[PDB]
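Single chain ahead, written as structure tokens, the form deposited in one PDB entry.
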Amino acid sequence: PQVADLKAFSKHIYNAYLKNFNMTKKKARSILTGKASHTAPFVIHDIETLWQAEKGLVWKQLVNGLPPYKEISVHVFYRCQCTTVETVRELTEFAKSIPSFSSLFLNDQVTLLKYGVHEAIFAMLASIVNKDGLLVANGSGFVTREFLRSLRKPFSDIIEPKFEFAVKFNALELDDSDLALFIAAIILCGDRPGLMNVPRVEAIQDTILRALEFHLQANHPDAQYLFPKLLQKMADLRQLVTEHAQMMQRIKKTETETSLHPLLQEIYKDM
């Protein structure tokens, strides 16, 4: 009974996932391993290739629309910020496609997203990352980790920890059906500050976590300790976002010429 209902519940969350995110992990790994295709990502590894990419690749956000140019490291930061805001929009529609999320009063929906999207983002980021770099422009480019390490502090320092997380997270070998549940549990989190209806959010969270528990038994039958490992990963993500916010505060304080998107400004006010 319990296992039956939770199976259907998981499927609806998976559909919400497949319906709203621009790239699946299945698609990402196929590009990053070059398994299939006639097209390979253009590799961005230094200044010259970054420029060739802005001259050639199609970006969701127009280069001319980014805040005025300042310098290479900042430009990269602007592209990171564009993609973050675009992922916030996707996560908002994903959450909204979950009926128990949409049933919450809108103010609770905002609180969950405000305190949850960065955790979800850095979890999902692992899908487009390997040890050597990550996909950009809807899979049309691949920016190398080494290049990103070469940017000046503080922009190199805010990037590398996410790769450290992602490589360890990818070793658990989750698929998109696992991630849908996992991301749903990050967003529907009853611990978030200022929540109005905590018990309702806690109950939803618990339902998702039980659904995920049973999902991993069927989908990863030989993986021992995988469910508790993922609970630790959720705790790990909180710490990763604490550090990230700390670094963002330092960027606000010391990089005054660097523009921060207003939506992310609204996200950081309280952390």
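Position 1 is the first residue in the sequence shown; the rest follow in order. Only the largest set of C-alpha atoms that superpose within 1.5 Å between the two forms is called the rigid core. Residues that one form lacks are left out of the comparison.
Only in words, not in the display: the form deposited in another entry, which the text now covers.
> Can you tell me which of these residues, 30, 207, 52, 61, is the one whose C-alpha shifts by at least 2 angstroms between this form and the one not shown after a rigid core fit?
Comparing the C-alpha positions, the one residue that moves 2 Å or more is 61.
> Take the rigid core as the frame of reference and indicate whether the C-alpha of residue 246 shifts by 2 Å or more between this form and the one not shown.
No, the C-alpha position differs by under 2 Å between this form and the one not shown.
> Just checking, between this form and the one not shown and with the core aligned, does residue 232 shift 2 Å or more at the CA?
Result for residue 232: no, shift under 2 Å.
> Once you compare with this form, do the C-alpha atoms of residue 85 and residue 67 lie closer or farther in that other deposited form, given a change of 3 Å or more?
Compared with the form shown here, the C-alpha atoms of residue 85 and residue 67 sit farther apart in that other deposited form, by 3 Å or more.
> Where do residue 66 and residue 146 end up in that other deposited form, Cα atoms closer or farther than shown, with a change of 3 Å or more?
Closer together, which means the C-alphas of residue 66 and residue 146 are at least 3 Å nearer in that other deposited form.
> So if I superpose on the core and keep residues found in both forms, which blocks of at least 3 in a row have all their CA atoms moved by 2 Å or more between this form and the one not shown?
Flagged stretches (3+ res, CA at least 2 Å): 34 to 39, 58 to 69, 223 to 225.
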